[PDB]
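Asks: Contents of input-v6.cif (mmCIF, C-alpha atoms; chains and numbers go by the auth columns) are given next:
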```cif
data_upload
loop_
_atom_site.group_PDB
_atom_site.id
_atom_site.type_symbol
_atom_site.label_atom_id
_atom_site.label_comp_id
_atom_site.label_asym_id
_atom_site.label_seq_id
_atom_site.Cartn_x
_atom_site.Cartn_y
_atom_site.Cartn_z
_atom_site.B_iso_or_equiv
_atom_site.auth_seq_id
_atom_site.auth_asym_id
ATOM 1 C CA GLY A 1 -36.193 30.770 -5.018 0.00 82 A
ATOM 2 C CA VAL A 2 -39.329 28.936 -3.851 0.00 83 A
ATOM 3 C CA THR A 3 -42.672 30.519 -2.875 0.00 84 A
ATOM 4 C CA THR A 4 -44.341 29.265 0.285 0.00 85 A
ATOM 5 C CA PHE A 5 -47.450 30.062 2.308 0.00 86 A
ATOM 6 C CA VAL A 6 -48.403 29.658 5.964 0.00 87 A
ATOM 7 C CA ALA A 7 -51.586 28.145 7.352 0.00 88 A
ATOM 8 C CA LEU A 8 -53.660 30.704 9.279 0.00 89 A
ATOM 9 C CA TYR A 9 -56.035 28.138 10.807 0.00 90 A
ATOM 10 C CA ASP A 10 -56.299 24.443 11.521 0.00 91 A
ATOM 11 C CA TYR A 11 -58.131 22.342 8.943 0.00 92 A
ATOM 12 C CA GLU A 12 -59.169 18.737 9.279 0.00 93 A
ATOM 13 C CA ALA A 13 -59.856 17.094 5.929 0.00 94 A
ATOM 14 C CA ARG A 14 -63.522 16.853 4.959 0.00 95 A
ATOM 15 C CA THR A 15 -62.928 14.580 1.952 0.00 96 A
ATOM 16 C CA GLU A 16 -60.439 11.816 1.223 0.00 97 A
ATOM 17 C CA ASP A 17 -58.310 14.058 -1.038 0.00 98 A
ATOM 18 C CA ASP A 18 -58.207 17.067 1.304 0.00 99 A
ATOM 19 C CA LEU A 19 -55.039 17.813 3.271 0.00 100 A
ATOM 20 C CA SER A 20 -55.313 18.127 7.045 0.00 101 A
ATOM 21 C CA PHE A 21 -52.995 20.765 8.469 0.00 102 A
ATOM 22 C CA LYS A 22 -52.294 22.724 11.622 0.00 103 A
ATOM 23 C CA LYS A 23 -52.122 26.501 11.915 0.00 104 A
ATOM 24 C CA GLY A 24 -48.536 27.576 11.283 0.00 105 A
ATOM 25 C CA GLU A 25 -47.590 24.835 8.827 0.00 106 A
ATOM 26 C CA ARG A 26 -45.632 25.914 5.771 0.00 107 A
ATOM 27 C CA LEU A 27 -47.199 24.945 2.476 0.00 108 A
ATOM 28 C CA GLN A 28 -46.298 24.931 -1.196 0.00 109 A
ATOM 29 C CA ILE A 29 -49.069 25.313 -3.767 0.00 110 A
ATOM 30 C CA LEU A 30 -48.732 22.686 -6.500 0.00 111 A
ATOM 31 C CA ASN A 31 -51.768 23.708 -8.525 0.00 112 A
ATOM 32 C CA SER A 32 -54.445 26.355 -8.124 0.00 113 A
ATOM 33 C CA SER A 33 -56.227 25.910 -11.451 0.00 114 A
ATOM 34 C CA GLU A 34 -59.328 24.549 -9.650 0.00 115 A
ATOM 35 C CA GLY A 35 -60.634 27.738 -8.065 0.00 116 A
ATOM 36 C CA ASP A 36 -60.756 28.229 -4.297 0.00 117 A
ATOM 37 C CA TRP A 37 -59.485 24.718 -3.437 0.00 118 A
ATOM 38 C CA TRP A 38 -55.750 24.570 -4.059 0.00 119 A
ATOM 39 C CA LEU A 39 -53.621 21.445 -4.253 0.00 120 A
ATOM 40 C CA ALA A 40 -50.921 21.905 -1.632 0.00 121 A
ATOM 41 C CA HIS A 41 -47.945 20.093 -0.200 0.00 122 A
ATOM 42 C CA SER A 42 -46.988 20.554 3.438 0.00 123 A
ATOM 43 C CA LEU A 43 -43.300 21.253 3.949 0.00 124 A
ATOM 44 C CA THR A 44 -43.996 20.656 7.629 0.00 125 A
ATOM 45 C CA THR A 45 -45.554 17.167 7.489 0.00 126 A
ATOM 46 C CA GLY A 46 -44.784 15.977 3.952 0.00 127 A
ATOM 47 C CA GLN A 47 -48.466 15.316 3.231 0.00 128 A
ATOM 48 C CA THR A 48 -50.330 16.510 0.131 0.00 129 A
ATOM 49 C CA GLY A 49 -53.926 17.345 -0.721 0.00 130 A
ATOM 50 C CA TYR A 50 -56.546 19.974 -1.360 0.00 131 A
ATOM 51 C CA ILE A 51 -56.886 22.969 0.935 0.00 132 A
ATOM 52 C CA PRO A 52 -59.306 25.892 1.170 0.00 133 A
ATOM 53 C CA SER A 53 -57.340 28.794 -0.240 0.00 134 A
ATOM 54 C CA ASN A 54 -58.685 31.238 2.359 0.00 135 A
ATOM 55 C CA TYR A 55 -56.788 29.263 5.025 0.00 136 A
ATOM 56 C CA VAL A 56 -53.335 30.488 3.939 0.00 137 A
ATOM 57 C CA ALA A 57 -51.339 33.688 3.862 0.00 138 A
ATOM 58 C CA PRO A 58 -48.141 34.509 2.014 0.00 139 A
ATOM 59 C CA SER A 59 -44.808 33.880 3.648 0.00 140 A
#
```
How does this structure look as structure tokens?
Replies:
Amino acid sequence: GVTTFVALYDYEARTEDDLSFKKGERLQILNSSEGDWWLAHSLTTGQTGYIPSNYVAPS
């Protein structure tokens, strides 16, 4: 299958490439090779961008 995560908190983007998301959105991680900022895609909104990795939990 597919692995997904859930947002634990709201986040409003603080750079142009960050993803804004609402607590409870379901996210897929596209790439985590850059440390604590993961490149994610929201299954909830269809948007894509960097997220702070401490804002998600496993589904």
Asks: Find the residues near range 137-140 of chain A: any atom within 8 Å, counting all atoms listed in the file, skip ones fewer than 4 places away on the same chain, and give them as a PyMOL selection string.
Replies: chain A and resi 84-90
Asks: May I ask which of the residues A:94, A:83, A:100, A:132 is the closest one to residue 117 in chain A, counting only C-alpha atoms?
Replies: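 Using only C-alpha atoms, the shortest distance to residue 117 in chain A belongs to A:132.
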Asks: Please compute the CA of residue 92 in chain A-CA of residue 125 in chain A distance, one decimal, in Å.
Replies: 14.3 Å
Asks: Using all atoms listed in the file, pick whichever of A:102, A:82, A:97, A:135 has the shortest atom-to-atom distance to residue 116 in chain A.
Replies: A:135
Asks: Could you check how far CA of residue 119 in chain A sits from CA of residue 96 in chain A, in Å to one decimal?
Replies: 13.7 Å
Asks: So, with all atoms listed in the file as the atoms that count, which of A:129, A:91, A:123, A:134 lies closest to residue 107 in chain A?
Replies: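 Among the listed residues, A:123 lies closest to residue 107 in chain A.
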Asks: What does the structure give for the distance between CA of residue 93 in chain A and CA of residue 111 in chain A, in Å to one decimal?
Replies: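 Value for the CA of residue 93 in chain A-CA of residue 111 in chain A distance: 19.3 Å.
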Asks: Closest to residue 133 in chain A among A:103, A:95, A:112, A:118, using all atoms listed in the file?
Replies: A:118
Asks: Assuming 8 Å of padding per side, give the centre and edge lengths of the axis-aligned box around every listed atom of range 87-100 of chain A, in Å to one decimal and as JSON.
Replies:
```
{"center_x": -56.0, "center_y": 21.3, "center_z": 5.2, "size_x": 31.1, "size_y": 34.9, "size_z": 28.6}
```
Asks: Starting from the shown file, work through the PyMOL selection byres ((chain A and resi 124) around 8) and note down what comes out as a ChimeraX atom specification.
Replies: /A:106-109,122-123,125-128
Asks: Using the structure block above, produce a file of range 97-114 of chain A that contains N, CA, C and O atoms, as a PDB file, in the first residue's frame.
Replies:
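Output saved as result_24.pdb:
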```pdb
ATOM      1  N   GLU A  97       8.196  30.765   0.417  1.00  0.00           N
ATOM      2  CA  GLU A  97       7.382  30.513  -0.767  1.00  0.00           C
ATOM      3  C   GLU A  97       7.237  29.026  -1.066  1.00  0.00           C
ATOM      4  O   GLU A  97       6.226  28.620  -1.640  1.00  0.00           O
ATOM      5  N   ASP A  98       8.218  28.197  -0.706  1.00  0.00           N
ATOM      6  CA  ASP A  98       8.159  26.771  -1.030  1.00  0.00           C
ATOM      7  C   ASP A  98       7.566  25.915   0.088  1.00  0.00           C
ATOM      8  O   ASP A  98       7.425  24.699  -0.089  1.00  0.00           O
ATOM      9  N   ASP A  99       7.255  26.503   1.238  1.00  0.00           N
ATOM     10  CA  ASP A  99       6.581  25.764   2.295  1.00  0.00           C
ATOM     11  C   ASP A  99       5.134  25.476   1.905  1.00  0.00           C
ATOM     12  O   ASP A  99       4.481  26.263   1.205  1.00  0.00           O
ATOM     13  N   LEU A 100       4.617  24.354   2.422  1.00  0.00           N
ATOM     14  CA  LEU A 100       3.212  24.001   2.321  1.00  0.00           C
ATOM     15  C   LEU A 100       2.444  24.495   3.538  1.00  0.00           C
ATOM     16  O   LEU A 100       2.802  24.154   4.667  1.00  0.00           O
ATOM     17  N   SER A 101       1.357  25.234   3.318  1.00  0.00           N
ATOM     18  CA  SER A 101       0.417  25.523   4.391  1.00  0.00           C
ATOM     19  C   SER A 101      -0.559  24.364   4.539  1.00  0.00           C
ATOM     20  O   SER A 101      -1.035  23.809   3.548  1.00  0.00           O
ATOM     21  N   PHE A 102      -0.864  23.997   5.781  1.00  0.00           N
ATOM     22  CA  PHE A 102      -1.798  22.912   6.012  1.00  0.00           C
ATOM     23  C   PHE A 102      -2.515  23.124   7.332  1.00  0.00           C
ATOM     24  O   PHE A 102      -2.059  23.859   8.209  1.00  0.00           O
ATOM     25  N   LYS A 103      -3.655  22.473   7.445  1.00  0.00           N
ATOM     26  CA  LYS A 103      -4.496  22.501   8.624  1.00  0.00           C
ATOM     27  C   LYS A 103      -4.334  21.202   9.406  1.00  0.00           C
ATOM     28  O   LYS A 103      -4.181  20.124   8.822  1.00  0.00           O
ATOM     29  N   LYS A 104      -4.377  21.308  10.728  1.00  0.00           N
ATOM     30  CA  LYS A 104      -4.401  20.129  11.582  1.00  0.00           C
ATOM     31  C   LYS A 104      -5.441  19.141  11.070  1.00  0.00           C
ATOM     32  O   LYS A 104      -6.577  19.514  10.774  1.00  0.00           O
ATOM     33  N   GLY A 105      -5.047  17.874  10.964  1.00  0.00           N
ATOM     34  CA  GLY A 105      -5.920  16.823  10.498  1.00  0.00           C
ATOM     35  C   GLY A 105      -5.774  16.483   9.030  1.00  0.00           C
ATOM     36  O   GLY A 105      -6.283  15.440   8.601  1.00  0.00           O
ATOM     37  N   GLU A 106      -5.063  17.292   8.245  1.00  0.00           N
ATOM     38  CA  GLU A 106      -4.849  16.921   6.853  1.00  0.00           C
ATOM     39  C   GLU A 106      -4.014  15.657   6.772  1.00  0.00           C
ATOM     40  O   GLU A 106      -3.178  15.377   7.636  1.00  0.00           O
ATOM     41  N   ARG A 107      -4.233  14.906   5.700  1.00  0.00           N
ATOM     42  CA  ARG A 107      -3.472  13.699   5.415  1.00  0.00           C
ATOM     43  C   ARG A 107      -2.409  14.033   4.383  1.00  0.00           C
ATOM     44  O   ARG A 107      -2.702  14.669   3.361  1.00  0.00           O
ATOM     45  N   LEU A 108      -1.185  13.611   4.664  1.00  0.00           N
ATOM     46  CA  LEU A 108      -0.031  14.002   3.893  1.00  0.00           C
ATOM     47  C   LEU A 108       0.755  12.772   3.470  1.00  0.00           C
ATOM     48  O   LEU A 108       0.818  11.773   4.184  1.00  0.00           O
ATOM     49  N   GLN A 109       1.349  12.865   2.288  1.00  0.00           N
ATOM     50  CA  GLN A 109       2.343  11.918   1.815  1.00  0.00           C
ATOM     51  C   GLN A 109       3.693  12.611   1.798  1.00  0.00           C
ATOM     52  O   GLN A 109       3.792  13.770   1.386  1.00  0.00           O
ATOM     53  N   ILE A 110       4.739  11.906   2.217  1.00  0.00           N
ATOM     54  CA  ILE A 110       6.083  12.461   2.203  1.00  0.00           C
ATOM     55  C   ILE A 110       6.764  12.047   0.908  1.00  0.00           C
ATOM     56  O   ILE A 110       6.977  10.859   0.658  1.00  0.00           O
ATOM     57  N   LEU A 111       7.120  13.034   0.085  1.00  0.00           N
ATOM     58  CA  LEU A 111       7.751  12.777  -1.203  1.00  0.00           C
ATOM     59  C   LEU A 111       9.249  12.608  -1.060  1.00  0.00           C
ATOM     60  O   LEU A 111       9.861  11.825  -1.795  1.00  0.00           O
ATOM     61  N   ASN A 112       9.852  13.344  -0.137  1.00  0.00           N
ATOM     62  CA  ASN A 112      11.289  13.316   0.044  1.00  0.00           C
ATOM     63  C   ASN A 112      11.592  13.863   1.424  1.00  0.00           C
ATOM     64  O   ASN A 112      11.036  14.871   1.844  1.00  0.00           O
ATOM     65  N   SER A 113      12.452  13.170   2.143  1.00  0.00           N
ATOM     66  CA  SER A 113      12.873  13.584   3.471  1.00  0.00           C
ATOM     67  C   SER A 113      14.379  13.732   3.555  1.00  0.00           C
ATOM     68  O   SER A 113      14.918  13.857   4.659  1.00  0.00           O
ATOM     69  N   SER A 114      15.072  13.723   2.420  1.00  0.00           N
ATOM     70  CA  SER A 114      16.528  13.686   2.434  1.00  0.00           C
ATOM     71  C   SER A 114      17.143  14.997   2.903  1.00  0.00           C
ATOM     72  O   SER A 114      18.366  15.057   3.080  1.00  0.00           O
TER      73      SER A 114
END
```
